[PDB]
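For reference, the structure discussed in these notes is given below.
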Amino acid sequence: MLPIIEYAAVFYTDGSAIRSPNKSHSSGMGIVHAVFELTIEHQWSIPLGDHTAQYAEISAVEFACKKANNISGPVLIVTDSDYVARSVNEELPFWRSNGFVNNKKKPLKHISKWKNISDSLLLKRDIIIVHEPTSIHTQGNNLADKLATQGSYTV
Amino acid sequence: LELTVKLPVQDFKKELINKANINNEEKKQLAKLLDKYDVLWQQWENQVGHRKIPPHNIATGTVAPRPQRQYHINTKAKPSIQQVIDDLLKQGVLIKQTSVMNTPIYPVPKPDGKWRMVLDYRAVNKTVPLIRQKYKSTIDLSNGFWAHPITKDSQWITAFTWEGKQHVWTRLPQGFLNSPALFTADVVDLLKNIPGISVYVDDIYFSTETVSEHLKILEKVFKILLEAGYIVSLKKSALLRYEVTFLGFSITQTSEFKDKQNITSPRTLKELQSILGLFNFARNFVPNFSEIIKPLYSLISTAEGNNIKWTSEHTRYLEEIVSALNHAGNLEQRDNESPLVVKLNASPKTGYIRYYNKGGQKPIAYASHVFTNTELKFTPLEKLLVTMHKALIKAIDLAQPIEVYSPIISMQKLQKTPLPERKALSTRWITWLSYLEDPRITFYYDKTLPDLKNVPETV
Amino acid sequence: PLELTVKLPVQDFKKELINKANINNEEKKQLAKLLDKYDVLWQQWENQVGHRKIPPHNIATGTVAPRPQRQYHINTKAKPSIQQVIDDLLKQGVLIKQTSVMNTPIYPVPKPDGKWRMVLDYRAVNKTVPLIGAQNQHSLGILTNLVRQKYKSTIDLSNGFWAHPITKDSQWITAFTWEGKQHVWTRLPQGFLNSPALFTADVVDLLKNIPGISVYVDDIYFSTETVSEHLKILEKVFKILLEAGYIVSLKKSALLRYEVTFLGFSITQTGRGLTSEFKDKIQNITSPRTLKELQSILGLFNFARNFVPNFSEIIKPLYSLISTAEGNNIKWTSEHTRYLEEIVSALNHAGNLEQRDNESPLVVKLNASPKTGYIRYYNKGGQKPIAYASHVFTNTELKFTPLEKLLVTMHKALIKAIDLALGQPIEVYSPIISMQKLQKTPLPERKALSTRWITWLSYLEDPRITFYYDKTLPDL
DNA sequence: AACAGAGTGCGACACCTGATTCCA
DNA sequence: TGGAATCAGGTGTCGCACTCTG
C-alpha cells in the first residue's frame, strides 16, 4: 500500500459505550482529522444516547465518510473495528447486489446507516478503508478512545 | 505401648510458660498445675485416644458404590509413611482385612522432606446421606476423629490399598462426609455444663476476666477431659495471651467485620471510574439515584488526564449516597423458605459481600473486611479466598440452600466434573472441598464488576 | 523325598546360566557356589509345587448356591497328558477324590510344549461370589516407573497358585469331574477370580523391605551397578524365598545380564524398546479380510502406541473404516494397504524410550498442527523423551480457532501429565506468549462452549504448575 | 465356550446450553 | 430495538468389541 505521506488526509475514528443508570447504555464517538510528520488537524466528539458499542462505531464511520466527502483528495480511514471493514470489503458487491440483505435473506441491522456507507463509498471510490490493529497510530487511538468516553459520559 | 519418636514435651511446656504473659507466681502455680496432670499430653507421635461411647453407624448409603483405581506412589515418600502406617497398625485402629471397596490414596510433600498421605473419598461421599473476655485460652484436640469407634458391619467402606494389601479403619476416617458433624455433636455436649466455652471442629476456647477463675475453669476442664478420654497437642495450642488466633481471625480484648463501608478520598480518574462501576448496581432500585449521581458525571465530563479537582462537595455527595444506600433503603426482611444467594467481590485492599433472596431486588445485609499487613503481601487469590471463607461463615450463620457468586472458577470446576478425570488436587483444595462436599451450597462465576484499582478504607 | 514323573536336568540349566552371564571367572565361581549351596530352592521335577506357611484363606463368602453342571466334549490329544498331570497332583496330595454338591467343568488349553495347561470355567460360581477390589496390578505404571541400572536380573515364580491352601469348609466349591470320578482342590484354584488378587497381595507383602524391587504377579525385577551389592541383594532374596517356601525355575528366569525381556519389552543399556519377536509378528501380517481379523490387527498395533511421536494420524482412516462397513465384510482400497505399509515401515524405524525420575521436575512440550496435536515429555536436563502422545481433532473441534486448538491440546496432555507428576512441580513450554492476556480474552471472539472454557481456565490457579514461552519449531 | 489388570475405540439415550425467531 | 419461547446440538453415562501381560 502507498505510504501515508501521499494521501490527502487520514481520519481516526473510535467509539465507546458505557452502562447507564433506566437507561441501558450511553455511547460517544471520537473522530480526528489529520493532514500529513503527523499533524492531527482537528477533532470532533459527539454523544448519541442509548445504543450499544457497535452502533457507536458505525455512526462514527458514517461521520468519517461524510467528512471525507467534504474533503478533497483521496484519504484514508483507521478505526478500532476490523469487523466492519472486513465485512464491507468482502460483501459490498453482494451487499448492493442482493438488495441490502444478508446471507439469511434478512435486512441486516443498521439498514439506513449501511446504505449511507455504501453510497458514500461508491461515489468516492478512491478512499482507503483499513485498520492496522504498537505503532504510530497508538496515540491517536488513545486520544480517540478518551474522546469517545467523553462523549458517552456527557449525559 | 511403644511409639517410634518422642517429642520434646518439656521444651514445649517451658515455651508455653514463657509465652503466657502472667505474673511470676501465677506462672509458677500454673506450671505446677500443668505438671500435676502429666499424663495429659501425647508425648508419642501419632498417639491415639479412646472413647467408650457406643460405636456409630456410617454405612447408611442405600446404593452400592463402585471401586476406584489406584496409581503408583513415589519411592521417596515410602519410608516415613510406611513407619506411620506401621505405628497406626500397632495401635490397633488399622487392621489387614479384605473388602470389596478400595479408596485412592496419594502423598503430598510437607515443608520438610517428610510426606503426608491423603485419601480421596469423593466417590464414597457421593452416595452417603447426611443429617468474650480479656483473658483468653485455647486448647485443641489431636486427631480427635480417631476417637469414635465404628460399627463392625460398616468397616468395609474405609478400606484402601497400601503396599498391595487392603487396610481397614476402626475409627472415624479423615475427610469423611458426616464425620466432622458427628464429632462436633459429641464434643459440644461433652461440656454442656460449663458456660462461656466455644468449640470449633478441633480447637476449644475459653475466656475469663480474672486469674483465679481461669485457674478454676482450666482445672475443671482438664478433669472433665481426662474423664472423657481425650489427648491434647501442646504444640498447636496457646493460652493466657491478650491476642489469639481462632476461626481465621485475631482476637483482641472485649467486631472486626463491620457495616460502615466508606471510602478514602479519590486521587485519579481510575479511582472514580472504579467507584462508578461499583455503584452502577444501585440504579436498579434507588429512584433518586440519578440526581445524586449527576454531580459525578459532571465531574468526569469536565476533567481531563489523570489530574482531578474533587472538592469537599463531592465528598458530601458520596457520603450522602453511602448513607442513603445503607440506612434503611429498600432493605427487606429475609425469607426462611427462599434459598439464600450471596454475591462477593474482592479489592486489592478490602472486599465486599452482598446478600439477596431468590435473586431478590433488594440487598439483605452488607459486609466488609480490612486486610492487615500479613495478607497485604499475599497473592490476590489468597485474599479473595479468605474473604470468601469469611463470607461463607456469615452466610451460613444467617441461613437452607445457599448459592455463591464469586470470580473464582476452580470452585465450580471441582463442583461438577465427570469421573474419568478426577485425579488429585492441591493441599488447600481439600480444605475447601470439605465445604464443597455438601450439595446444599453451589458456586458460580460471572465476571462482573472488576475493581483492580480503588481507594482504601478510612482510618 | 519327592518322586514326580519327569526328572529335569538341573545341572544343564545351571551350566547354561553360569555360561550366559557377563561376570568374570572368579565372579562366575562365586555365583556357581551361591546357586549350588541353595540347591533346595529350585524345582527338580516336572509339575513340582510348593507349600506356604500361613493361615488359610476363605473364599466361601457366597450366600446362595449355583446349579452344578456337566462336562462337554474333550480334546483327544491332551487326554494322556492331563491324566498324567492329575496322577502327579494326586501323588503330591493336592487333589483329593471326594464327592460334593457342586461340580465344575474341565477344559484343556494348548501350551508351548506338547503339554497342556489346566484351566477351568467358573461362570455361575463367579456370578454368585462377591469380588475383592484391591487394585495392585498396573503393568504400565511399573514399566514406566522402574529404575534402570547397569546389571539387570529377574526371577519368575512357577506353579505359584498351587502353594496357598484354603479353609477346610470352603473346599467343596472347587469340585470337578474327571472320568466319572469327583475331585476337590486343596489350594487356590487357577481360573478363580480372587486368586490373582490374593497371590499378588501375598507376593508384594513378601518383598516390602528390599530396596529397588519391581514386583508383578509372578515376576520380580531389579537392576544394580556393581557385583557385590547385586550378590548381596540376590542372596537375601534367595533366603527370603527359602523361608517363604516358594520355588523358582531356571528356564523362566535369568539374572546378571545387560539386555533382558520384561512384560514383552526389551530393556537394554540405552533404554526400553520393542523386541525382535514382535517386529517379526508385525512384518508377517497380510491384508485383513474380516472385521474380527481387522480388530485384532489394530489391537496389536495399538499395543505399542507410545513408541512414535506421530502415531495417531495415520491410523485414523483404518478406525474410520470399521464404522463404514456393516458385519464381517469390509470394503478395502489400495490406499488403506499403502497406509499399512507406511505404518509398518514407521514401526521398523522406531526409537527406544527412557525412564521417569522421581527427584526432578517433569517437563511437557506441546505443539499443534491444523489437523493434529503433538505432545512430548522430558526430565530436567534430559533430551530423550519418556513417551509420545498425539491427538486427532474431531469435526466439532475443527471449527475452533488456533488458540482453542492449542488450549484443548494443553488440557488433553496435562490430563495424564498430572498423573505422571507424582507430586513434583510441572513446567510447560508452549508457543503461547502469555496467559494473563488469555484470561483477558473477550467473549465476542471465542466460539467454543463456556463449559470447556471454565475447565481450561481452572489450570491457571494450580500452585504446582507454571508456564514458559519459547518460539521454536513453528508450523501451520 | 475362563479370569484379574491395562490400553484404545465405537454406539445408543439423557440433559441441558445456546441460537433462531417471533412478538411487543 | 429488545426481549424470552422453542429447538437443535454438545457433553456425560453405560454398553460393546479387540489387543496384550500373567
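No lab work stands behind these numbers, since they all come straight from the coordinates. Reconstructed Cβ throughout: ideal geometry from the backbone, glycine too, with neighbour counts over all protein chains shown.
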Largest-first principal axis extents, alpha carbons of the protein assembly as shown, Å: 114, 96, 63
Normalised contact order of chain C, rounded percent, pairs of Cα under 8 Å and 6 or more residues apart: 13
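Helix-derived [θ] at 222 nm for chain C: sum -39500 (n - 2.57) over DSSP H runs of at least 4, divide by residue count, nearest 500? Don't skip to the end; give the middle numbers.
Numbers: 15 runs with 164 residues, N = 476.
Calculated from helices alone, the mean residue ellipticity at 222 nm is -10500 deg cm²/dmol.
Using Cβ counts within 10 Å as a stand-in for footprinting exposure, how do A:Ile77, B:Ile300 rank, fewest first? Could the numbers behind the result be given before it?
Details: A:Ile77 21, B:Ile300 17.
Ascending Cβ contact count within 10 Å gives the list B:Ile300, A:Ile77.
Across peptide B:153-163, how many C-beta atoms of other chains are within 10 Å of each residue C-beta, on average? Don't skip to the answer; put the middle values down first.
Values: counts 0, 0, 0, 0, 0, 0, 3, 2, 5, 2, 6.
Mean shielding by partner chains, rounded to a whole number: 2.
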B:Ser237, B:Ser426 arranged by Cβ crowding within 10 Å, fewest neighbours leading: B:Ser426, B:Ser237
Where only alpha carbons of the range C:94-233 are counted, the Rg and the Dmax (Å): 18.8, 58
Packing-based exposure ordering (other Cβ within 10 Å, fewest first) of B:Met101, C:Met435, A:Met29: C:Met435, B:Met101, A:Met29
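Tell me, what is the percent relative contact order of the range C:1-273, built from C-alpha pairs under 8 Å that lie six or more residues apart?
Numbers: 390 pairs, mean separation 71.4, N = 273.
Relative contact order of the range C:1-273: 26 percent.
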The range C:97-127 and the range C:351-420: distance between their alpha carbon centers, rounded to Å: 46
Kirkwood-Stokes translational diffusion coefficient of the range B:49-173, alpha-carbon pairs, 10 °C, 1.306 mPa s, µm²/s: 96
Rounded to 10°, Cα long-axis angle of helix C:227-244 versus longest principal axis of chain C: 50
Dimensions (Å) - the range B:163-271, Cα atoms, principal axes, largest first: 65, 53, 25
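Within the range B:1-109, which chymotrypsin sites (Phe, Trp or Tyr not before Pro) sit in a loop by DSSP and count at most 15 neighbouring Cβ atoms inside 10 Å? Walk me through the numbers on the way to the answer.
On the way: sites: B:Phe12, B:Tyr37, B:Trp41, B:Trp44, B:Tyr71; in loops: B:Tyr37, B:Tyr71.
Passing both the DSSP loop test and the Cβ count: B:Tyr37.
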Calculated over the range C:276-348: convex hull of Cα atoms, volume per residue (Å³): 85
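Given contacts defined as C-alpha pairs under 8 Å and at least six residues apart, what's the relative contact order of the range C:276-348, whole-number percent?
Working: 28 pairs, mean separation 31.5, N = 73.
Here the relative contact order equals 43 percent.
Just tell me how shielded B:96-103 is by partners: mean number of partner chain Cβ atoms within 10 Å of each residue's Cβ, no decimals. Please report the intermediate quantities before stating the final value.
Details: counts 2, 0, 11, 4, 5, 3, 5, 1.
Going residue by residue through B:96-103 and averaging, the value is 4.
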Label point at C:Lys399 placed 7 Å out along Cα→Cβ; residues across the range C:426-461 whose backbone nitrogen lies under 14 Å: C:446-450
Helix C:402-421 vs. chain C, principal-axis angle (Cα, 0 to 90°, nearest 10): 30
13 Å beta-carbon shell around C:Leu347, net charge (K/R +1, D/E -1): 0
Peptide ranges B:320-333, C:119-132, C:194-207 listed from the most packed, as the mean C-beta count within 10 angstrom indicates: C:194-207, C:119-132, B:320-333
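Scaled to the compact-protein estimate 2.2 N^0.38 Å, what is the alpha-carbon radius of gyration of the range B:9-251, rounded to two decimal places? Mind showing how you got there, number by number?
On the way: Rg = 20.3 Å, N = 243, 2.2 N^0.38 = 17.7 Å.
Its radius of gyration relative to the 2.2 N^0.38 Å reference: 1.14.
Is it possible to state the helix-based mean residue ellipticity at 222 nm for chain A, with each DSSP H run of 4+ residues giving -39500 (n - 2.57), the sum divided by total residues, to the nearest 500 deg cm²/dmol? What is it? Numbers along the way, then the final one.
On the way: 4 runs with 61 residues, N = 155.
For chain A, the value works out to -13000 deg cm²/dmol.
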For the range C:196-224 and the range C:248-325, distance of Cα centres in Å: 26
Overall Cα dimensions of the range C:357-443, principal axis frame, Å, largest first: 41, 28, 21
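Stokes-Einstein D for chain C at 10 °C, 1.306 mPa s, Kirkwood Rh over Cα pairs, in µm²/s?
Values: Rh = 26.9 Å.
Stokes-Einstein gives a translational diffusion coefficient of 59 µm²/s.
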For residues of C:415-422, the mean tally of beta carbons on other chains within 10 Å: 3
Calculated log₁₀ intensity ratio I(q)/I(0) where the Debye formula runs over C-alpha points of the range A:9-152, q = 0.21 Å⁻¹: -1.33
Alpha carbon centroid spacing (whole Å) that separates the range A:130-155 from the range A:60-75: 18
Packing-based order for B:365-371, B:163-169, C:274-280, C:92-98, using average beta carbon neighbours within 10 Å, highest first: B:163-169, B:365-371, C:92-98, C:274-280
